[PDB]
C-alpha cells in the first residue's frame, strides 16, 4: 500500500532527530492499514547508554508524530 513512500518518510523523520547517525536498519510491515516497524539507529559511541535511550525515544515520538499510520515502532541504537 505504497510501502516504499512510507519507508522513505520513516527514515527521513528519524534522521531529523538530534543524535541520530543514520538509520542502520528498518523493517516495516502492514497489519491491515497500520504499519508495525522495528528500526536501529546509529549514535555517537561516546554517548551514554542513557543518552542513546533518550534518542531512541525521541525518534519513536518524531516518527509516530509524522506518520499517523504507524501503530507500533521499536527503536534501538548501535554505535556508528
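Positions refer to the first chain, counted from 1.
Asker: Out of 1-9 and 71-79, which stretch has the higher average CA B-factor listed in the record?
Answerer: Between 1-9 and 71-79, it is 1-9.
Asker: So where's residue 34 on the chain's Cα temperature factor ranking, which third?
Answerer: Its C-alpha B-factor, which the entry lists for residue 34, ranks in the lowest third among residues of this chain.
Asker: Please place residue 59 in the lowest, middle or highest third of its chain by C-alpha B factor as given in the entry.
Answerer: Answer is lowest: the recorded C-alpha B-factor places it there.
Asker: Of the three thirds of its chain by CA temperature factor, lowest, middle or highest, which one includes residue 20?
Answerer: It belongs to the lowest third of the chain when residues are ordered by C-alpha B-factor.
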